[PDB]
$ cat run16.csv   # CSV, C-alpha atoms
chain,number,residue,atom,x,y,z
E,1,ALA,CA,146.6,57.7,68.5
E,2,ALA,CA,146.5,60.4,71.1
E,3,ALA,CA,142.8,60.7,72.0
E,4,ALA,CA,142.6,57.0,72.3
E,5,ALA,CA,145.3,57.1,75.0
E,6,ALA,CA,143.4,59.8,76.9
E,7,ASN,CA,140.2,57.8,76.5
E,8,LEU,CA,142.1,54.8,77.9
E,9,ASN,CA,143.2,57.1,80.8
E,10,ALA,CA,139.6,58.0,81.5
E,11,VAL,CA,138.6,54.3,81.5
E,12,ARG,CA,141.3,53.8,84.1
E,13,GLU,CA,139.7,56.7,86.0
E,14,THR,CA,136.2,55.1,85.7
E,15,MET,CA,137.5,51.7,86.8
E,16,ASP,CA,139.1,53.3,89.8
E,17,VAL,CA,135.9,55.2,90.7
E,18,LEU,CA,134.2,51.8,90.4
E,19,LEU,CA,136.9,50.4,92.6
E,20,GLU,CA,136.1,53.0,95.3
E,21,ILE,CA,132.4,52.2,94.8
E,22,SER,CA,133.1,48.5,95.2
E,23,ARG,CA,135.3,48.9,98.3
E,24,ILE,CA,132.7,50.9,100.3
E,25,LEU,CA,130.0,48.6,99.0
E,26,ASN,CA,132.4,46.0,100.2
E,27,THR,CA,132.1,43.3,97.5
E,28,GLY,CA,134.1,40.2,97.1
E,29,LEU,CA,135.6,41.3,93.8
E,30,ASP,CA,139.1,42.6,93.0
E,31,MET,CA,139.9,45.0,90.2
E,32,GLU,CA,140.4,42.3,87.5
E,33,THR,CA,137.1,40.6,88.3
E,34,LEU,CA,135.0,43.8,88.1
E,35,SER,CA,136.8,44.5,84.8
E,36,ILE,CA,135.3,41.3,83.4
E,37,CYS,CA,131.9,42.3,84.8
E,38,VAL,CA,132.3,45.7,83.1
E,39,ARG,CA,132.8,43.8,79.8
E,40,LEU,CA,129.7,41.8,80.5
E,41,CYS,CA,127.4,44.8,81.0
E,42,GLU,CA,129.1,46.8,78.3
E,43,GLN,CA,127.8,44.4,75.8
E,44,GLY,CA,124.5,44.4,77.7
E,45,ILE,CA,123.5,41.6,80.2
E,46,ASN,CA,121.5,41.4,83.3
E,47,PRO,CA,123.0,42.4,86.6
E,48,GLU,CA,120.4,40.3,88.3
E,49,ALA,CA,121.5,37.3,86.2
E,50,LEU,CA,125.2,37.9,87.0
E,51,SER,CA,124.6,38.4,90.7
E,52,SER,CA,123.0,35.0,91.3
E,53,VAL,CA,126.0,33.4,89.5
E,54,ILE,CA,128.6,35.3,91.6
E,55,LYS,CA,126.6,34.6,94.7
E,56,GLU,CA,126.6,30.8,94.3
E,57,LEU,CA,130.1,30.6,92.8
E,58,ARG,CA,131.5,32.3,95.9
E,59,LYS,CA,129.6,29.7,97.9
E,60,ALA,CA,130.8,26.8,95.8
E,61,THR,CA,134.4,27.5,96.6
E,62,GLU,CA,133.9,27.4,100.4
E,63,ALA,CA,132.1,24.0,99.8
E,64,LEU,CA,135.4,22.2,98.9
E,65,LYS,CA,137.8,24.4,100.8
K,1,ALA,CA,131.5,36.0,70.4
K,2,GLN,CA,133.4,37.8,73.0
K,3,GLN,CA,130.5,37.5,75.4
K,4,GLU,CA,131.0,33.7,75.5
K,5,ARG,CA,134.8,34.3,76.1
K,6,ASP,CA,133.9,36.7,79.0
K,7,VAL,CA,131.5,34.1,80.5
K,8,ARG,CA,134.2,31.4,80.4
K,9,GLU,CA,136.7,33.7,81.9
K,10,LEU,CA,134.4,34.9,84.7
K,11,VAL,CA,133.5,31.4,85.7
K,12,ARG,CA,137.1,30.2,85.6
K,13,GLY,CA,138.3,33.1,87.7
K,14,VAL,CA,135.5,33.4,90.2
K,15,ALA,CA,135.0,29.7,90.7
K,16,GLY,CA,138.7,29.3,90.8
K,17,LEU,CA,138.9,26.4,88.4
K,18,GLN,CA,141.8,26.6,86.0
K,19,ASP,CA,141.2,23.3,84.3
K,20,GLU,CA,138.7,23.1,81.5
K,21,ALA,CA,138.7,19.3,81.7
K,22,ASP,CA,137.4,19.5,85.2
K,23,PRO,CA,133.8,18.2,84.9
K,24,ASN,CA,132.8,20.6,87.7
K,25,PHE,CA,133.8,23.5,85.5
K,26,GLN,CA,131.6,22.0,82.7
K,27,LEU,CA,128.6,21.6,85.1
K,28,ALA,CA,129.0,25.1,86.3
K,29,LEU,CA,129.2,26.4,82.7
K,30,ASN,CA,126.1,24.5,81.8
K,31,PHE,CA,124.5,26.0,84.9
K,32,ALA,CA,125.6,29.4,83.8
K,33,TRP,CA,124.3,29.1,80.2
K,34,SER,CA,121.0,27.6,81.4
K,35,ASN,CA,120.6,30.5,83.8
K,36,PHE,CA,121.4,33.0,81.0
K,37,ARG,CA,119.0,31.4,78.5
K,38,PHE,CA,116.3,31.6,81.2
K,39,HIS,CA,114.6,34.9,82.0
K,40,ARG,CA,112.1,35.4,84.9
K,41,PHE,CA,113.8,38.7,85.8
K,42,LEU,CA,112.3,42.0,86.5
K,43,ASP,CA,113.9,44.3,84.0
K,44,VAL,CA,115.4,47.0,86.1
K,45,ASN,CA,113.9,50.5,86.4
K,46,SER,CA,116.4,53.4,86.5
K,47,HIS,CA,114.2,55.5,88.7
K,48,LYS,CA,114.2,52.9,91.5
K,49,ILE,CA,118.0,52.7,91.1
K,50,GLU,CA,118.3,56.5,91.5
K,51,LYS,CA,116.1,56.3,94.6
K,52,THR,CA,118.3,53.5,95.9
K,53,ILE,CA,121.5,55.5,95.4
K,54,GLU,CA,119.8,58.3,97.4
K,55,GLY,CA,118.9,55.9,100.2
K,56,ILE,CA,122.4,54.5,100.4
K,57,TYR,CA,123.6,58.1,100.7
K,58,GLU,CA,121.1,58.7,103.5
K,59,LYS,CA,122.2,55.5,105.3
K,60,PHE,CA,125.7,56.8,105.0
K,61,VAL,CA,124.8,60.2,106.7
K,62,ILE,CA,122.7,58.4,109.3
K,63,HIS,CA,125.7,56.3,110.4
K,64,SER,CA,127.8,59.5,110.4
K,65,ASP,CA,130.7,58.9,108.0
K,66,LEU,CA,130.5,62.3,106.3
K,67,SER,CA,133.6,62.0,104.2
K,68,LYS,CA,132.4,58.7,102.8
K,69,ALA,CA,128.9,60.0,102.1
K,70,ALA,CA,130.0,63.2,100.4
K,71,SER,CA,132.7,61.4,98.4
K,72,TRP,CA,130.0,58.8,97.5
K,73,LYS,CA,127.6,61.5,96.2
K,74,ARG,CA,130.4,63.3,94.4
K,75,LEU,CA,131.6,60.1,92.7
K,76,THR,CA,128.2,59.1,91.6
K,77,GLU,CA,127.5,62.6,90.3
K,78,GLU,CA,130.8,62.6,88.4
K,79,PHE,CA,130.2,59.1,87.1
K,80,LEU,CA,126.8,59.7,85.5
K,81,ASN,CA,128.2,61.9,82.8
K,82,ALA,CA,127.0,60.8,79.3
K,83,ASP,CA,122.1,52.8,80.8
K,84,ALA,CA,125.3,50.9,81.1
K,85,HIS,CA,125.7,53.2,84.1
K,86,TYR,CA,122.6,51.9,85.9
K,87,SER,CA,123.3,48.3,84.9
K,88,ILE,CA,126.7,48.3,86.4
K,89,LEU,CA,125.4,50.3,89.4
K,90,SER,CA,122.6,47.9,90.3
K,91,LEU,CA,125.0,45.0,89.9
K,92,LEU,CA,127.4,46.5,92.4
K,93,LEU,CA,124.4,47.3,94.7
K,94,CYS,CA,122.9,43.8,94.5
K,95,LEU,CA,126.2,41.9,95.0
K,96,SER,CA,126.9,42.8,98.6
K,97,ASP,CA,125.9,44.9,101.6
K,98,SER,CA,125.8,44.5,105.4
K,99,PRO,CA,129.2,46.2,105.9
K,100,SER,CA,130.9,49.4,105.0
K,101,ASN,CA,134.4,50.7,104.5
K,102,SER,CA,135.8,54.3,104.9
K,103,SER,CA,137.8,55.0,101.7
K,104,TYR,CA,141.6,54.8,102.2
K,105,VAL,CA,143.9,56.5,99.6
K,106,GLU,CA,141.5,59.4,98.9
K,107,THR,CA,142.7,62.9,98.4
K,108,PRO,CA,141.2,63.5,95.0
Y,1,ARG,CA,98.1,48.1,125.4
Y,2,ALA,CA,99.8,45.8,127.9
Y,3,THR,CA,102.1,48.3,129.5
Y,4,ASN,CA,102.1,51.9,130.8
Y,5,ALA,CA,102.8,53.3,127.2
Y,6,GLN,CA,99.1,53.5,126.3
Y,7,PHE,CA,98.2,56.4,128.6
Y,8,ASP,CA,98.2,59.3,126.2
Y,9,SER,CA,95.9,60.9,123.6
Y,10,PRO,CA,95.3,58.8,120.5
Y,11,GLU,CA,96.9,61.2,118.0
Y,12,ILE,CA,100.4,61.3,119.5
Y,13,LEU,CA,100.1,57.5,120.1
Y,14,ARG,CA,99.2,57.2,116.5
Y,15,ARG,CA,102.1,59.4,115.4
Y,16,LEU,CA,104.6,57.1,117.0
Y,17,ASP,CA,105.0,54.0,114.7
Y,18,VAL,CA,107.8,51.6,113.7
Y,19,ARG,CA,110.0,52.3,110.7
Y,20,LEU,CA,112.5,50.4,108.6
Y,21,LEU,CA,115.8,51.5,107.0
Y,22,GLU,CA,117.7,50.5,103.9
Y,23,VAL,CA,117.6,46.7,103.9
Y,24,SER,CA,120.8,44.6,103.4
Y,25,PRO,CA,121.0,41.3,101.6
Y,26,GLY,CA,122.6,40.1,104.8
Y,27,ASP,CA,119.7,41.4,106.9
Y,28,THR,CA,118.5,40.9,110.4
Y,29,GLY,CA,116.2,42.7,112.8
Y,30,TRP,CA,119.1,44.1,114.8
Y,31,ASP,CA,120.4,45.6,111.6
Y,32,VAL,CA,117.1,47.4,110.8
Y,33,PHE,CA,114.8,48.8,113.4
Y,34,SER,CA,113.6,52.3,114.1
Y,35,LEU,CA,110.9,54.5,115.6
Y,36,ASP,CA,109.2,57.2,113.5
Y,37,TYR,CA,107.4,60.1,114.9
Y,38,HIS,CA,105.1,61.5,112.2
Y,39,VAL,CA,104.9,65.2,111.7
Y,40,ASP,CA,101.9,66.3,109.5
Y,41,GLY,CA,100.7,69.4,111.2
Y,42,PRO,CA,102.3,72.9,111.1
Y,43,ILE,CA,104.9,71.5,113.6
Y,44,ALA,CA,107.3,70.5,110.8
Y,45,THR,CA,108.3,74.2,110.7
Y,46,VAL,CA,109.8,73.8,114.2
Y,47,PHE,CA,111.4,70.3,113.8
Y,48,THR,CA,113.3,69.6,110.6
Y,49,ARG,CA,114.3,66.3,109.1
Y,50,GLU,CA,118.0,66.6,109.9
Y,51,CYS,CA,117.3,66.7,113.6
Y,52,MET,CA,115.3,63.4,113.2
Y,53,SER,CA,118.5,61.7,112.2
Y,54,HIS,CA,120.0,62.7,115.6
Y,55,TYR,CA,117.1,61.1,117.5
Y,56,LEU,CA,117.7,58.0,115.4
Y,57,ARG,CA,121.4,58.0,116.2
Y,58,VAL,CA,120.9,58.4,119.9
Y,59,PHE,CA,118.2,55.8,119.9
Y,60,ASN,CA,120.5,53.5,117.9
Y,61,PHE,CA,123.2,53.9,120.5
D,1,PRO,CA,102.7,106.5,100.5
D,2,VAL,CA,105.5,105.0,102.5
D,3,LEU,CA,103.5,104.9,105.7
D,4,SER,CA,100.5,103.5,103.9
D,5,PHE,CA,102.7,100.7,102.8
D,6,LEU,CA,103.9,100.3,106.4
D,7,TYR,CA,100.3,99.9,107.5
D,8,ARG,CA,99.9,97.5,104.6
D,9,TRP,CA,102.4,95.4,106.5
D,10,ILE,CA,101.1,95.6,110.0
D,11,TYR,CA,97.3,95.5,109.6
D,12,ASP,CA,97.4,93.5,106.5
D,13,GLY,CA,100.7,91.6,107.0
D,14,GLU,CA,101.0,91.0,103.2
D,15,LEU,CA,103.3,92.6,100.6
D,16,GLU,CA,101.4,93.5,97.5
D,17,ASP,CA,103.5,96.0,95.5
D,18,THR,CA,104.3,95.3,91.9
D,19,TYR,CA,107.2,97.7,92.1
D,20,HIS,CA,110.2,97.5,94.4
D,21,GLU,CA,109.7,100.4,96.8
D,22,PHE,CA,109.4,98.4,100.1
D,23,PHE,CA,112.2,96.9,102.2
D,24,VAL,CA,110.6,93.4,102.0
D,25,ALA,CA,111.2,91.1,99.0
D,26,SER,CA,108.4,88.6,98.8
D,27,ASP,CA,109.0,85.4,96.9
D,28,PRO,CA,106.6,84.1,94.2
D,29,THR,CA,106.7,80.6,95.7
D,30,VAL,CA,104.5,80.0,98.7
D,31,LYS,CA,106.3,76.9,99.9
D,32,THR,CA,105.0,73.8,101.7
D,33,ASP,CA,106.5,74.1,105.2
D,34,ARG,CA,109.7,76.0,104.5
D,35,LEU,CA,107.3,78.9,103.9
D,36,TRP,CA,108.0,80.5,107.2
D,37,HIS,CA,111.8,80.7,107.0
D,38,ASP,CA,112.4,81.7,103.5
D,39,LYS,CA,109.5,83.5,101.7
D,40,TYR,CA,110.2,86.9,103.2
D,41,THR,CA,113.6,88.5,102.5
D,42,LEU,CA,114.9,91.9,103.7
D,43,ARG,CA,115.4,94.3,100.8
D,44,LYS,CA,118.3,96.5,102.0
D,45,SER,CA,117.9,99.3,99.4
D,46,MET,CA,114.3,100.5,100.2
D,47,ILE,CA,115.3,101.0,103.8
D,48,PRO,CA,114.6,104.7,104.5
D,49,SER,CA,116.7,106.9,106.6
D,50,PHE,CA,114.2,107.5,109.4
D,51,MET,CA,114.1,103.7,110.0
D,52,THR,CA,117.1,101.8,111.3
D,53,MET,CA,117.8,98.2,110.3
D,54,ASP,CA,116.5,96.9,113.7
D,55,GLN,CA,113.1,98.5,113.1
D,56,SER,CA,112.8,96.8,109.7
D,57,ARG,CA,113.7,93.3,111.1
D,58,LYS,CA,111.2,93.8,113.9
D,59,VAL,CA,108.3,94.8,111.7
D,60,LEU,CA,109.1,92.1,109.2
$ encode --input "run16.csv" --output "structure tokens"
Amino acid sequence: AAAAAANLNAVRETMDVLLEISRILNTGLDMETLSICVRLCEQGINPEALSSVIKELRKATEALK
Amino acid sequence: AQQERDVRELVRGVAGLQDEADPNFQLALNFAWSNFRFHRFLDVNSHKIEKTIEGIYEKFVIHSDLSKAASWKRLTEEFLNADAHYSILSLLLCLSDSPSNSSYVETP
Amino acid sequence: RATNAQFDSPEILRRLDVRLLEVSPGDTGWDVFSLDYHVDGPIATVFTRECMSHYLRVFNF
Amino acid sequence: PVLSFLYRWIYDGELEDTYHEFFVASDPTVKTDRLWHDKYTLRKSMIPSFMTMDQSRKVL
């Protein structure tokens, strides 16, 4: 398809916009992680439920470092 | 279906455990599903989120990084073309603050 | 009331009051503190809200 | 008529014409505190020839 390619182009644009938004909101994610989060709230899930998970998981990897 | 796959991938990547026979992975996965199957959460209000985006933009102009502030308002205005928006947004908001960057590699 | 600040009319003393900013999850008091002068009379016509940010910045410094 | 409108603008201080014949362009909004800066606007077509631009600004 052709419009599916330009749609995919626009999804790269949106994930780069979100990458700017993440880097000046200065989160611990990289690109590939926030992609997985975008999958999570594309299907519909709580950001307040994901945030507590990411907030202890980033603290449970400095606990045995 | 793919939600459960995404949950397993997120916990494996973020917790940095690449063995599924690690019992710590299993305890964290049980933790995650017990958190997901629990709800005590204030279901988010979009109007509060819009006010929050405005307040972040104001804190940007107060601390005088005008390129960051104007690019931020422009990016959020372009982004809100065409619910999933606000979900993603409030996630990004909630996850971290107390520091700020200044947007390298920006000419567009 | 303890120090020399009290000696002025009650209205302008009332118009000065503390103020918070956008809170951080990693918050402290040194992150968020401000003074707010309240303008409710006709005097908002002479002092606009963008000049209030300037007083905030100099006070922050 | 012109001069009566002028003295409708010094001893009344308010623009009341439903037609555009006066060099002031009053706004329908009456604002909150931005009233003073923006409600009154110089109409540059109903400036007459016996009155310069300076005089109009001054009486506005």
$ closest_residue --input "run16.csv" --among "E:51, E:24, E:15, E:58" --to "residue E:39" --atoms "all atoms listed in the file"
E:15
$ closest_residue --input "run16.csv" --among "Y:61, Y:30, Y:37, Y:47" --to "residue Y:18" --atoms "all atoms listed in the file"
Y:37
$ interface_residues --input "run16.csv" --of "chain Y" --to "chain D" --cutoff "10 Å" --atoms "only C-alpha atoms" --output "ChimeraX atom specification"
/Y:41-46,48
$ residues_around --input "run16.csv" --residues "stretch 29-38 of chain E" --least-positions-apart "3" --cutoff "8 Å" --atoms "all atoms listed in the file" --output "VMD selection string"
(chain E and resid 15 19 22 41 to 42) or (chain K and resid 6 9 to 10 13 to 14 88)
$ residues_around --input "run16.csv" --residues "residue D:48" --least-positions-apart "3" --cutoff "10 Å" --atoms "all atoms listed in the file" --output "JSON, numbers by chain"
{"D": [2, 22, 23, 44, 45, 51, 52, 53, 56]}
$ residues_around --input "run16.csv" --residues "residue D:25" --least-positions-apart "3" --cutoff "12 Å" --atoms "all atoms listed in the file" --output "mmCIF file with C-alpha atoms, in the coordinates of the input"
data_model
loop_
_atom_site.group_PDB
_atom_site.id
_atom_site.type_symbol
_atom_site.label_atom_id
_atom_site.label_comp_id
_atom_site.auth_asym_id
_atom_site.auth_seq_id
_atom_site.Cartn_x
_atom_site.Cartn_y
_atom_site.Cartn_z
ATOM 1 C CA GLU D 14 101.000 91.000 103.200
ATOM 2 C CA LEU D 15 103.300 92.600 100.600
ATOM 3 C CA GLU D 16 101.400 93.500 97.500
ATOM 4 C CA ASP D 17 103.500 96.000 95.500
ATOM 5 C CA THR D 18 104.300 95.300 91.900
ATOM 6 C CA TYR D 19 107.200 97.700 92.100
ATOM 7 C CA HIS D 20 110.200 97.500 94.400
ATOM 8 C CA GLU D 21 109.700 100.400 96.800
ATOM 9 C CA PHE D 22 109.400 98.400 100.100
ATOM 10 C CA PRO D 28 106.600 84.100 94.200
ATOM 11 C CA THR D 29 106.700 80.600 95.700
ATOM 12 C CA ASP D 38 112.400 81.700 103.500
ATOM 13 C CA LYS D 39 109.500 83.500 101.700
ATOM 14 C CA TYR D 40 110.200 86.900 103.200
ATOM 15 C CA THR D 41 113.600 88.500 102.500
ATOM 16 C CA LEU D 42 114.900 91.900 103.700
ATOM 17 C CA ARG D 43 115.400 94.300 100.800
ATOM 18 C CA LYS D 44 118.300 96.500 102.000
ATOM 19 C CA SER D 45 117.900 99.300 99.400
ATOM 20 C CA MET D 46 114.300 100.500 100.200
ATOM 21 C CA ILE D 47 115.300 101.000 103.800
ATOM 22 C CA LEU D 60 109.100 92.100 109.200
#
$ residues_around --input "run16.csv" --residues "stretch 57-60 of chain Y" --least-positions-apart "2" --cutoff "12 Å" --atoms "all atoms listed in the file" --output "PDB file with C-alpha atoms, in the frame of the given file"
ATOM      1  CA  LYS K  59     122.200  55.500 105.300  1.00  0.00           C
ATOM      2  CA  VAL K  61     124.800  60.200 106.700  1.00  0.00           C
ATOM      3  CA  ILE K  62     122.700  58.400 109.300  1.00  0.00           C
ATOM      4  CA  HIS K  63     125.700  56.300 110.400  1.00  0.00           C
ATOM      5  CA  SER K  64     127.800  59.500 110.400  1.00  0.00           C
TER       6      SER K  64
ATOM      7  CA  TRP Y  30     119.100  44.100 114.800  1.00  0.00           C
ATOM      8  CA  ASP Y  31     120.400  45.600 111.600  1.00  0.00           C
ATOM      9  CA  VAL Y  32     117.100  47.400 110.800  1.00  0.00           C
ATOM     10  CA  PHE Y  33     114.800  48.800 113.400  1.00  0.00           C
ATOM     11  CA  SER Y  34     113.600  52.300 114.100  1.00  0.00           C
ATOM     12  CA  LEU Y  35     110.900  54.500 115.600  1.00  0.00           C
ATOM     13  CA  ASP Y  36     109.200  57.200 113.500  1.00  0.00           C
ATOM     14  CA  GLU Y  50     118.000  66.600 109.900  1.00  0.00           C
ATOM     15  CA  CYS Y  51     117.300  66.700 113.600  1.00  0.00           C
ATOM     16  CA  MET Y  52     115.300  63.400 113.200  1.00  0.00           C
ATOM     17  CA  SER Y  53     118.500  61.700 112.200  1.00  0.00           C
ATOM     18  CA  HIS Y  54     120.000  62.700 115.600  1.00  0.00           C
ATOM     19  CA  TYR Y  55     117.100  61.100 117.500  1.00  0.00           C
TER      20      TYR Y  55
END
$ closest_residue --input "run16.csv" --among "E:40, E:49, E:4, E:55" --to "chain Y" --atoms "all atoms listed in the file"
E:55
$ interface_residues --input "run16.csv" --of "chain Y" --to "chain K" --cutoff "8 Å" --atoms "all atoms listed in the file" --output "list in words"
residues 21, 22, 24, 25, 26, 27, 53, 56 and 57 of chain Y
$ atom_distance --input "run16.csv" --atom1 "atom CA of residue K:7" --atom2 "atom CA of residue K:44"
21.4 Å
$ atom_distance --input "run16.csv" --atom1 "atom CA of residue D:4" --atom2 "atom CA of residue D:49"
16.8 Å
$ atom_distance --input "run16.csv" --atom1 "atom CA of residue E:16" --atom2 "atom CA of residue K:41"
29.5 Å
$ residues_around --input "run16.csv" --residues "stretch 15-23 of chain K" --least-positions-apart "5" --cutoff "10 Å" --atoms "all atoms listed in the file" --output "JSON, numbers by chain"
{"E": [53, 54, 56, 57, 58, 59, 60, 61], "K": [8, 9, 10, 28, 29]}
